[PDB]
Each structure stands twice: as C-alpha cells, then as structure tokens.
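Student:
Chains as they are written, first to last, in the entry's author numbering: chain E, 87 to 129, 217 to 229; chain C, 87 to 129, 217 to 229; chain A, 87 to 129, 217 to 229; chain B, 87 to 129, 217 to 229; chain D, 87 to 129, 217 to 229.
1) How about residue 114(D) and residue 111(B): are their beta carbons less than 7 Å apart?
2) Using a Cβ-Cβ cut-off of 7 Å, state whether residue 218(A) counts as contacting chain D.
3) So for residue 123(E), helix, strand or coil by DSSP?
4) Measure the alpha-carbon distance for residue 126(A) versus residue 92(E) and round it to whole angstroms.
5) Give me the Cα-Cα distance between residue 218(E) and residue 94(D), rounded to the nearest whole angstrom.
6) Let me know if residue 97(A) comes out buried or exposed under the rule of 16 or more other beta-carbons within 10 Å of its beta-carbon.
7) Are the beta-carbon atoms belonging to residue 117(E) and residue 117(C) less than 7 Å from one another?
8) Using a 10 Å radius around the Cβ and a threshold of 16 neighbouring Cβ atoms, would you call residue 227(D) buried or exposed?
9) Can you tell me where the beta strand (DSSP E) holding residue 116(B) begins and where it ends?
10) Skipping 5 residues on each side, what residues in its chain have a beta carbon closer than 8 Å to that of residue 120(A)?
11) CB-CB under 8 Å to residue 122(B), same chain, minus the five flanking residues each way: which ones, in chain order?
12) What are the boundary residues of the beta strand (DSSP E) that residue 99(A) is part of?
13) Does DSSP put residue 228(B) in a helix, a strand or coil?
Structure follows, in structure tokens:
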C-alpha cells in the first residue's frame, strides 16, 4: 500500500512538524498546514527564514 | 506500491515540515502547505529566505 | 512501483519542506505547496531569496 | 519502475522544498508548487532571487 | 525504467526546489511549478534574478 511511517534508524537529531492528512471521500477546503506566510480563507550549516506579516 | 517513508539511516541533522496529503476520491481546494508567501482563497552553507507580506 | 522514500545514508544537514501529495482519483484545485510568492485562488555557499508581497 | 527517492550518500548540506505530486487518474488544475511569482487561478557561490509582487 | 533519484555522492552544497510530477492517466491543466513570473490561469560565481510583478 502506502508507506509513510516515521522510522529513523539510529542517529540523532530534531524532528518536528510532521503532518499526516488523510481525506477519505471528504471535503477539505482552505488548508495551509505548516504555513508561515499570510493565509486568507473566505468561505556551519544554517537555514534562516524571516517573515513579516502585516494585516491592515 | 508507494514508498514515502521517513527512514534516515545513521547521521544527524534537523528534520521539520514533512507533510503527507492523501486524497482518497475526495475534494481538496485551496491548499498551500508549507506556504511562506501570501495565499488568498475565496470560496559555510547558508540558505536565507526573507518574506514581507502586507495586506491592505 | 514508485520509490519516493526519505533515506539519507550517513552525513549531516538540514532537511525541511518535504511535501507528498497523493491524489487518488480525486479533485484537487488551487494548490501552491511551498509557495513564497502571491497565490490568488477564486472558486562560502549562499542562496538568498527575498520576496515582497503587497496586496491592495 | 520509477526511482525518485531522496538518497544522499555522505556529504553535508541544506535540503528544502522537495515536492512529490502523484496524480492517479485524477483532476489537478491550478498548481504552482514552489511558486515565487504571482499566481492567479480563476475557477564564493551566490544565488540571489528578489521578487516584488504588487496586486492592485 | 526511469532513474530520477536524488543521489548526491560526497561533496556539499544547497539543494532546494526539487519537484516530481507523476501524471498517471490524469488531467493536469494550469501548472507553473517553480514559477517566478506572472501566471494567469482562467478555467566569484553569482546568479542574480530580479522580478517585478504588477497586477492592476
């Protein structure tokens, strides 16, 4: 079938923001998982992210 | 079938923002997973990302 | 079948924004995964990205 | 079949924005994955990207 | 079959915006992956890219 398991073998680290969305014959609208920007719904190794959200 | 498992073997690091979307004969509209920009839905190794979102 | 697994072997680093979209005979409209620009849906190694989004 | 696995062997770095889209006999319309520009859907090694999006 | 795997061997760097689109007997319309311009869908080594998108 579908292998989506969380199976780290050995090693070490930081694990966060794992999201599993199972839609079984359903209705899903307006989804922004792990969103960092602005979402409007009307019905030496360095990674650096900086986001400024201003809603007026 | 489909192999999408999380299987790091040895090593070390930072693991974040893993998103699994399974749509089984369903209706999905307006999806911006891991979005950093602006989403409007009307129904030495360095990576640097800077985003300014102004909604007036 | 389809091999899309996450299998780092040894080594080290930063791993983020991995998105798996499985559409099984479904309806998907208006998808901007890992979007950094502006999405409107009406129903020494250095990588630097700077985005300004102004919605009036 | 199809080999699309994530298999770094040794080494080090930054890995982000990996997107796997599997469309199984489905309907997908209006897709802008990893988009940085403007998407309107009506139903010393240096890489530098600067994008200004103004929606009036 | 088709070899499209991500297999860096040794070395180091920055890896981002890898997109795998598998269309299995499906309908895909209006796709602008990794788009930086303007997409309208109606249903010393230096690389520098600057894009201004004005929608009136």
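No residue lacks a Cβ here, since even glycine has one placed at the ideal position from N, Cα and C.
Tutor: Let's see:
1) Your numbering for residue 114(D) matches position 28 in the fifth chain. Your numbering for residue 111(B) matches position 25 in the fourth chain. Cβ distance not < 7 Å, so residue 114(D) and residue 111(B) don't count as in contact.
2) The count along the third chain starts at 1 and reaches residue 218(A) at position 45. Put simply, the CB of residue 218(A) is near chain D, with a gap under 7 Å to one of its CB atoms.
3) Here residue 123(E) refers to the residue found at position 37 of the first chain. In this structure, residue 123(E) counts as coil in the three-state DSSP scheme.
4) The sequence position of residue 126(A) within the third chain is 40, counting from 1. The sequence position of residue 92(E) within the first chain is 6, counting from 1. Distance between the alpha carbons of residue 126(A) and residue 92(E) is about 34 Å.
5) For the purposes of this step, residue 218(E) is taken as residue 45 along the first chain, with counting starting at 1. For the purposes of this step, residue 94(D) is taken as residue 8 along the fifth chain, with counting starting at 1. Spanning the two alpha carbons is a distance of roughly 17 Å.
6) Residue mapping note: residue 97(A) aligns to position 11 of the third chain, counting from 1. Label assigned to residue 97(A): buried.
7) Taking the first residue of the first chain as 1, we reach residue 117(E) at position 31. Taking the first residue of the second chain as 1, we reach residue 117(C) at position 31. Their beta carbons are under 7 Å apart, which means residue 117(E) touches residue 117(C) by this criterion.
8) The count along the fifth chain starts at 1 and reaches residue 227(D) at position 54. Exposed is the call here.
9) Working through the fourth chain from its first residue, we reach residue 116(B) at position 30. Per DSSP, the continuous beta strand (DSSP E) segment holding residue 116(B) begins and ends at 113-117.
10) Here the question's residue 120(A) lines up with position 34 in the third chain. Setting aside the 5 residues that flank it on each side, residue 120(A) is surrounded in the same chain by 103 and 105, each with a C-beta closer than 8 Å to its C-beta; the list follows chain order.
11) Counting from 1 along the fourth chain, the entry for residue 122(B) is found at position 36. For residue 122(B), the CB contacts under 8 Å within the same chain, skipping 5 residues up- and downstream, are 222 and 224 in chain order.
12) Position 13 of the third chain, counted from the first residue, corresponds to residue 99(A). Run containing residue 99(A): 98-110, per the beta strand (DSSP E) assignment.
13) Residue mapping note: residue 228(B) aligns to position 55 of the fourth chain, counting from 1. Strand.
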